[PDB]
$ cat work.pdb   # PDB, C-alpha atoms
MODEL        1
ATOM      1  CA  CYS A   1      10.357  24.827  12.892  1.00  0.00           C
ATOM      2  CA  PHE A   2       9.538  27.495  15.459  1.00  0.00           C
ATOM      3  CA  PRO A   3      11.824  27.178  18.495  1.00  0.00           C
ATOM      4  CA  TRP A   4       9.445  25.631  21.022  1.00  0.00           C
ATOM      5  CA  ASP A   5      11.939  25.483  23.895  1.00  0.00           C
ATOM      6  CA  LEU A   6      12.995  29.113  23.628  1.00  0.00           C
ATOM      7  CA  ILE A   7       9.327  30.103  23.394  1.00  0.00           C
ATOM      8  CA  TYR A   8       8.746  27.811  26.392  1.00  0.00           C
ATOM      9  CA  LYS A   9      11.486  29.387  28.505  1.00  0.00           C
ATOM     10  CA  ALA A  10      10.498  32.892  27.404  1.00  0.00           C
ATOM     11  CA  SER A  11       6.754  32.658  28.135  1.00  0.00           C
ATOM     12  CA  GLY A  12       7.024  32.035  31.878  1.00  0.00           C
ATOM     13  CA  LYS A  13       7.637  28.252  31.510  1.00  0.00           C
ATOM     14  CA  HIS A  14       4.061  27.177  30.811  1.00  0.00           C
ATOM     15  CA  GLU A  15       3.360  23.483  30.383  1.00  0.00           C
ATOM     16  CA  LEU A  16       0.854  23.678  27.518  1.00  0.00           C
ATOM     17  CA  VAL A  17       3.273  25.472  25.170  1.00  0.00           C
ATOM     18  CA  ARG A  18       5.529  22.391  25.273  1.00  0.00           C
ATOM     19  CA  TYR A  19       2.757  20.267  23.755  1.00  0.00           C
ATOM     20  CA  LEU A  20       3.512  22.010  20.441  1.00  0.00           C
ATOM     21  CA  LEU A  21       6.670  19.904  20.175  1.00  0.00           C
ATOM     22  CA  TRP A  22       4.310  17.129  19.011  1.00  0.00           C
ATOM     23  CA  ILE A  23       3.820  19.026  15.733  1.00  0.00           C
ATOM     24  CA  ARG A  24       7.331  17.794  14.859  1.00  0.00           C
ATOM     25  CA  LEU A  25       5.988  14.239  14.535  1.00  0.00           C
ATOM     26  CA  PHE A  26       4.644  15.359  11.156  1.00  0.00           C
ATOM     27  CA  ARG A  27       8.223  14.787   9.959  1.00  0.00           C
ATOM     28  CA  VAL A  28       7.355  11.080   9.705  1.00  0.00           C
ATOM     29  CA  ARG A  29       5.932  11.998   6.296  1.00  0.00           C
ATOM     30  CA  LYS A  30       9.509  11.795   5.021  1.00  0.00           C
ATOM     31  CA  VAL A  31       9.735   8.239   6.353  1.00  0.00           C
ATOM     32  CA  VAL A  32       6.308   7.160   5.077  1.00  0.00           C
ATOM     33  CA  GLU A  33       7.162   8.671   1.682  1.00  0.00           C
ATOM     34  CA  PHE A  34      10.349   6.595   1.747  1.00  0.00           C
ATOM     35  CA  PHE A  35       8.196   3.487   2.234  1.00  0.00           C
ATOM     36  CA  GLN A  36       6.022   4.615  -0.690  1.00  0.00           C
ATOM     37  CA  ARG A  37       9.026   5.100  -2.981  1.00  0.00           C
ATOM     38  CA  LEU A  38      10.093   1.606  -1.864  1.00  0.00           C
ATOM     39  CA  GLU A  39       6.736  -0.136  -2.349  1.00  0.00           C
ATOM     40  CA  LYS A  40       6.762   0.794  -6.047  1.00  0.00           C
ATOM     41  CA  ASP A  41      10.365  -0.443  -6.319  1.00  0.00           C
ATOM     42  CA  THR A  42      10.155  -3.875  -7.939  1.00  0.00           C
ATOM     43  CA  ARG A  43      13.450  -5.187  -6.511  1.00  0.00           C
ATOM     44  CA  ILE A  44      11.798  -5.784  -3.113  1.00  0.00           C
ATOM     45  CA  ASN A  45       8.455  -7.556  -2.660  1.00  0.00           C
ATOM     46  CA  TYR A  46       5.630  -5.211  -1.670  1.00  0.00           C
ATOM     47  CA  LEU A  47       4.408  -7.607   1.024  1.00  0.00           C
ATOM     48  CA  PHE A  48       7.905  -7.379   2.509  1.00  0.00           C
ATOM     49  CA  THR A  49       7.917  -3.578   2.452  1.00  0.00           C
ATOM     50  CA  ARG A  50       4.562  -3.755   4.233  1.00  0.00           C
ATOM     51  CA  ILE A  51       6.217  -5.934   6.892  1.00  0.00           C
ATOM     52  CA  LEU A  52       9.133  -3.494   7.195  1.00  0.00           C
ATOM     53  CA  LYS A  53       6.633  -0.621   7.432  1.00  0.00           C
ATOM     54  CA  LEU A  54       4.767  -2.427  10.214  1.00  0.00           C
ATOM     55  CA  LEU A  55       8.066  -3.117  11.977  1.00  0.00           C
ATOM     56  CA  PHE A  56       8.876   0.588  11.808  1.00  0.00           C
ATOM     57  CA  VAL A  57       5.397   1.283  13.186  1.00  0.00           C
ATOM     58  CA  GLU A  58       5.863  -1.289  15.998  1.00  0.00           C
ATOM     59  CA  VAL A  59       9.034   0.387  17.179  1.00  0.00           C
ATOM     60  CA  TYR A  60       8.661   4.202  17.598  1.00  0.00           C
ATOM     61  CA  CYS A  61       5.284   3.349  19.090  1.00  0.00           C
ATOM     62  CA  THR A  62       7.276   1.772  21.912  1.00  0.00           C
ATOM     63  CA  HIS A  63       9.682   4.706  21.942  1.00  0.00           C
ATOM     64  CA  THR A  64       6.825   7.215  22.066  1.00  0.00           C
ATOM     65  CA  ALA A  65       4.965   5.079  24.604  1.00  0.00           C
ATOM     66  CA  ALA A  66       8.072   4.919  26.795  1.00  0.00           C
ATOM     67  CA  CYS A  67       8.374   8.701  26.626  1.00  0.00           C
ATOM     68  CA  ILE A  68       4.684   9.246  27.431  1.00  0.00           C
ATOM     69  CA  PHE A  69       4.873   6.657  30.231  1.00  0.00           C
ATOM     70  CA  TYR A  70       7.743   8.553  31.821  1.00  0.00           C
ATOM     71  CA  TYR A  71       5.989  11.898  31.251  1.00  0.00           C
ATOM     72  CA  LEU A  72       2.912  10.622  33.102  1.00  0.00           C
ATOM     73  CA  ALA A  73       5.213   9.942  36.050  1.00  0.00           C
ATOM     74  CA  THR A  74       6.624  13.459  35.892  1.00  0.00           C
TER      75      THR A  74
ATOM     76  CA  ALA B   1      -7.710 -16.141  17.669  1.00  0.00           C
ATOM     77  CA  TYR B   2     -10.899 -15.062  15.875  1.00  0.00           C
ATOM     78  CA  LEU B   3      -9.617 -11.474  15.645  1.00  0.00           C
ATOM     79  CA  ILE B   4      -6.220 -12.616  14.312  1.00  0.00           C
ATOM     80  CA  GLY B   5      -8.005 -14.927  11.875  1.00  0.00           C
ATOM     81  CA  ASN B   6     -10.303 -12.205  10.547  1.00  0.00           C
ATOM     82  CA  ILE B   7      -7.428  -9.745  10.074  1.00  0.00           C
ATOM     83  CA  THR B   8      -5.319 -12.449   8.400  1.00  0.00           C
ATOM     84  CA  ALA B   9      -8.236 -13.514   6.200  1.00  0.00           C
ATOM     85  CA  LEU B  10      -8.834  -9.987   4.937  1.00  0.00           C
ATOM     86  CA  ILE B  11      -5.116  -9.423   4.316  1.00  0.00           C
ATOM     87  CA  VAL B  12      -4.733 -12.775   2.513  1.00  0.00           C
ATOM     88  CA  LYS B  13      -7.856 -12.080   0.449  1.00  0.00           C
ATOM     89  CA  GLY B  14      -6.183  -9.208  -1.343  1.00  0.00           C
ATOM     90  CA  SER B  15      -7.628  -6.649  -3.700  1.00  0.00           C
ATOM     91  CA  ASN B  16      -7.132  -6.700  -7.459  1.00  0.00           C
ATOM     92  CA  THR B  17      -4.699  -3.763  -7.365  1.00  0.00           C
ATOM     93  CA  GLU B  18      -2.099  -6.007  -5.701  1.00  0.00           C
ATOM     94  CA  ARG B  19      -2.932  -9.107  -7.739  1.00  0.00           C
ATOM     95  CA  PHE B  20      -2.070  -6.826 -10.644  1.00  0.00           C
ATOM     96  CA  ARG B  21       0.993  -5.594  -8.734  1.00  0.00           C
ATOM     97  CA  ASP B  22       2.478  -9.052  -8.257  1.00  0.00           C
ATOM     98  CA  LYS B  23       1.292  -9.946 -11.747  1.00  0.00           C
ATOM     99  CA  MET B  24       3.521  -7.045 -12.882  1.00  0.00           C
ATOM    100  CA  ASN B  25       6.679  -7.515 -10.821  1.00  0.00           C
ATOM    101  CA  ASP B  26       7.680 -10.990 -11.938  1.00  0.00           C
ATOM    102  CA  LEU B  27       6.956  -9.620 -15.399  1.00  0.00           C
ATOM    103  CA  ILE B  28       9.561  -6.951 -14.634  1.00  0.00           C
ATOM    104  CA  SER B  29      11.771  -9.733 -13.247  1.00  0.00           C
ATOM    105  CA  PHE B  30      11.489 -11.457 -16.628  1.00  0.00           C
ATOM    106  CA  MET B  31      12.059  -8.247 -18.610  1.00  0.00           C
ATOM    107  CA  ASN B  32      15.187  -7.503 -16.553  1.00  0.00           C
ATOM    108  CA  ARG B  33      16.421 -11.099 -16.290  1.00  0.00           C
ATOM    109  CA  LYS B  34      16.463 -11.406 -20.074  1.00  0.00           C
ATOM    110  CA  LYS B  35      17.650  -7.889 -20.897  1.00  0.00           C
ATOM    111  CA  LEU B  36      14.859  -6.413 -23.007  1.00  0.00           C
ATOM    112  CA  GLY B  37      14.919  -2.977 -24.624  1.00  0.00           C
ATOM    113  CA  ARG B  38      13.167   0.224 -23.618  1.00  0.00           C
ATOM    114  CA  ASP B  39      10.320   0.334 -26.173  1.00  0.00           C
ATOM    115  CA  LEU B  40       8.857  -3.180 -26.291  1.00  0.00           C
ATOM    116  CA  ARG B  41       8.859  -3.378 -22.488  1.00  0.00           C
ATOM    117  CA  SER B  42       6.589  -0.327 -22.575  1.00  0.00           C
ATOM    118  CA  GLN B  43       4.393  -2.286 -24.996  1.00  0.00           C
ATOM    119  CA  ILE B  44       4.273  -5.235 -22.571  1.00  0.00           C
ATOM    120  CA  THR B  45       3.395  -3.067 -19.558  1.00  0.00           C
ATOM    121  CA  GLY B  46       0.878  -1.114 -21.637  1.00  0.00           C
ATOM    122  CA  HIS B  47      -0.777  -4.321 -22.826  1.00  0.00           C
ATOM    123  CA  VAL B  48      -1.083  -5.782 -19.337  1.00  0.00           C
ATOM    124  CA  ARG B  49      -2.361  -2.436 -17.995  1.00  0.00           C
ATOM    125  CA  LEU B  50      -4.896  -2.245 -20.834  1.00  0.00           C
ATOM    126  CA  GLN B  51      -6.112  -5.812 -20.315  1.00  0.00           C
ATOM    127  CA  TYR B  52      -6.361  -5.200 -16.562  1.00  0.00           C
ATOM    128  CA  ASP B  53      -8.371  -2.019 -17.145  1.00  0.00           C
ATOM    129  CA  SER B  54     -10.545  -3.841 -19.702  1.00  0.00           C
ATOM    130  CA  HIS B  55     -10.980  -6.903 -17.467  1.00  0.00           C
ATOM    131  CA  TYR B  56     -14.074  -5.242 -15.949  1.00  0.00           C
ATOM    132  CA  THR B  57     -16.135  -5.541 -19.144  1.00  0.00           C
ATOM    133  CA  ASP B  58     -16.809  -9.294 -19.173  1.00  0.00           C
ATOM    134  CA  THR B  59     -20.150 -10.979 -19.774  1.00  0.00           C
ATOM    135  CA  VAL B  60     -18.973 -13.725 -17.369  1.00  0.00           C
ATOM    136  CA  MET B  61     -19.037 -11.015 -14.689  1.00  0.00           C
ATOM    137  CA  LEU B  62     -22.848 -11.090 -15.054  1.00  0.00           C
ATOM    138  CA  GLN B  63     -23.357 -14.713 -16.179  1.00  0.00           C
ATOM    139  CA  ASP B  64     -26.261 -15.068 -13.716  1.00  0.00           C
ATOM    140  CA  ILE B  65     -28.233 -11.848 -14.300  1.00  0.00           C
ATOM    141  CA  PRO B  66     -31.280 -13.108 -16.254  1.00  0.00           C
ATOM    142  CA  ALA B  67     -32.110 -12.684 -19.907  1.00  0.00           C
ATOM    143  CA  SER B  68     -34.159  -9.580 -20.863  1.00  0.00           C
ATOM    144  CA  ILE B  69     -31.852  -7.754 -18.441  1.00  0.00           C
ATOM    145  CA  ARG B  70     -28.571  -8.756 -20.084  1.00  0.00           C
ATOM    146  CA  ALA B  71     -30.378  -8.119 -23.375  1.00  0.00           C
ATOM    147  CA  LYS B  72     -31.224  -4.572 -22.251  1.00  0.00           C
ATOM    148  CA  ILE B  73     -27.591  -3.982 -21.248  1.00  0.00           C
ATOM    149  CA  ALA B  74     -26.449  -5.232 -24.656  1.00  0.00           C
TER     150      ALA B  74
ENDMDL
END
$ encode --input "work.pdb" --output "structure tokens"
Amino acid sequence: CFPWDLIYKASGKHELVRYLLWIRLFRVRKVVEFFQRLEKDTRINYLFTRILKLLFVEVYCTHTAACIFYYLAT
Amino acid sequence: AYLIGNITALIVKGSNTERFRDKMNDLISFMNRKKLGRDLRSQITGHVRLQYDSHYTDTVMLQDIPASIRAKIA
């Protein structure tokens, strides 16, 4: 929750202070806790919540890979 | 195909903590299909949890360990 693009533009625009934006991918705890409060919900089969969890891991690993693949061109 | 088969064969061969989980979701489907109370359903879930936790005390678990070793255990 520190501002990492005001710190970036204040500290002489260094490239390795923008790698601390990747700390904000620890906010996928709130999505993996949602799929743990849904796996113990008996209305939906647990082997279907595992499939939905894998389909939310399949995407966002193509979003992140698209972003890293463009970053490696920049 | 061998890699896909090994991953599929270890996911299909599940653990006992999900055999108990799908043993106790159609049980909840029965207890909510026919609208049971809020005390005897706790007795049903407590009985199936107790028999699952006591399922690892069987003599048939060690029905091939020889005599004078099963006798020492007893």
$ resolve_selection --input "work.pdb" --expression "the PyMOL selection byres ((chain B and resi 14-19) around 12)" --output "list in words"
residues 39, 40, 45, 46 and 47 of chain A; 7, 8, 9, 10, 11, 12, 13, 20, 21, 22, 23, 24, 25, 26, 49, 52, 53, 55 and 56 of chain B
$ atom_distance --input "work.pdb" --atom1 "atom CA of residue B:42" --atom2 "atom CA of residue B:28"
10.8 Å
$ closest_residue --input "work.pdb" --among "B:63, B:27, B:35, B:2" --to "chain A" --atoms "only C-alpha atoms"
B:27
$ atom_distance --input "work.pdb" --atom1 "atom CA of residue B:30" --atom2 "atom CA of residue A:41"
15.1 Å
$ closest_residue --input "work.pdb" --among "A:6, A:1, A:44, A:11" --to "residue A:26" --atoms "only C-alpha atoms"
A:1
$ atom_distance --input "work.pdb" --atom1 "atom CA of residue B:34" --atom2 "atom CA of residue A:49"
25.3 Å
$ closest_residue --input "work.pdb" --among "A:59, A:65, A:42, A:18" --to "residue B:31" --atoms "only C-alpha atoms"
A:42
$ closest_residue --input "work.pdb" --among "A:43, A:5, A:28, A:37" --to "chain B" --atoms "all atoms listed in the file"
A:43
$ residues_around --input "work.pdb" --residues "residue A:20" --least-positions-apart "5" --cutoff "10 Å" --atoms "all atoms listed in the file" --output "count of residues only"
5
$ resolve_selection --input "work.pdb" --expression "the PyMOL selection byres ((chain A and resi 32) around 12)" --output "PyMOL selection string"
chain A and resi 25-31+33-39+49-50+52-54+56-57
$ closest_residue --input "work.pdb" --among "B:68, B:45, B:29, B:6" --to "chain A" --atoms "only C-alpha atoms"
B:29
$ closest_residue --input "work.pdb" --among "B:32, B:5, B:43, B:71" --to "chain A" --atoms "all atoms listed in the file"
B:32
